[PDB]
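The form deposited in one PDB entry is given below as one chain in structure tokens.
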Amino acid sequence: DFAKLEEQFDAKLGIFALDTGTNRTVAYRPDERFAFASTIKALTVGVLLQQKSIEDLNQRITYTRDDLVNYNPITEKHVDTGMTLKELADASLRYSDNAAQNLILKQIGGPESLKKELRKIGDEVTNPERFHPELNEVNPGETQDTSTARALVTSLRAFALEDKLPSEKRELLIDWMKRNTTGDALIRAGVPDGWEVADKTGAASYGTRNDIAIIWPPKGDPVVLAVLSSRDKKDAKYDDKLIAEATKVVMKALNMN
């Protein structure tokens, strides 16, 4: 079924899913690298949370037009007032605000700092190097700003569900991701209505289209999923339907739907 989706959508798919209740997995090219694009924003907030108290998220960040980049849906409205770190995390996660990601990344010490903190949580794969807009531009074979489906799942799980954060911080992260506005055509579109989904989307050059998520069936332990994709041509379009359909194959394979 994954090969058939690659054929229908002229794309390369990377899939990893873990049922945290059983330890069963679904995998298809799970260790192939893709540009992570804005899926990195979830791990970036994980690191922010780890390094701050919750009250410390109330720090107000002043910024200017020079901090705004290519896509600033929330941050462009608040240049005059600033935004708190909490507000920047909300913007980054729920709207994929690129300026918010760059401001958070600067607060935590820049891409190299983020990389060091990911290594500390056990991720030796994810390779943050650049800010937006450049991080979304990755050529075939390059490893800058890439990860794999397996590593993104492992890292997302570690922050949201395991012991890289204390419970109140896990809850912030999960609630922001559950209320994401950008993912309705992706993993959410392959999950029955009513099941809670926390997700973060991304897109990059070479038609890269990604979504990472935690899916809660009405009872029982959650599934952590990464669906990554890319194409042959630099300026290629993506199709969200590939990601929705891949998700439905994962849900069948896990006997959840």
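When you see a residue number, it is the position in the sequence shown, counting from 1.
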Given 228-236 and 29-37, the range whose Cα B-factors average higher in the PDB entry:
228-236
If you average the CA temperature factors over each stretch, which comes out higher, 238-246 or 16-24?
16-24
Between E124, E87, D175, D80, let me know which has the highest C-alpha B-factor in the entry?
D80
Just the C-alpha B-factor column, please: which of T201, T208, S53, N70 has the biggest number?
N70
Going by the CA temperature factor in the PDB record, which third of the chain does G46 belong to: lowest, middle or highest?
lowest
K106, C-alpha B-factor rank within chain (lowest, middle or highest third):
highest
Splitting the chain's C-alpha B-factors into thirds, which one does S92 fall into?
lowest
State the tercile, meaning the lowest, middle or highest third, of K120 with respect to the CA B-factors recorded for its chain.
highest
Modelled-residue ranking by C-alpha temperature factor, third containing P128:
highest
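Quick note: we don't show the form solved in complex with a partner chain, though the next part is all about it.
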Would you please decide whether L57 lies within 4.5 angstroms of its partner chain in the bound PDB entry, comparing each non-hydrogen atom pair?
no
Contact with its partner chain in the bound PDB entry for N127, defined as at least one heavy atom pair within 4.5 Å: yes or no?
no
Exercise: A189 in contact with its partner chain in the bound PDB entry, heavy atom 4.5 Å:
no
Does any heavy atom of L103 come within 4.5 Å of a heavy atom of its partner chain in the bound PDB entry?
yes
Where, among 225-233, 201-209, 58-66, 40-48, do residues come within 4.5 Å of its partner chain in the bound PDB entry by heavy atom distance?
58-66
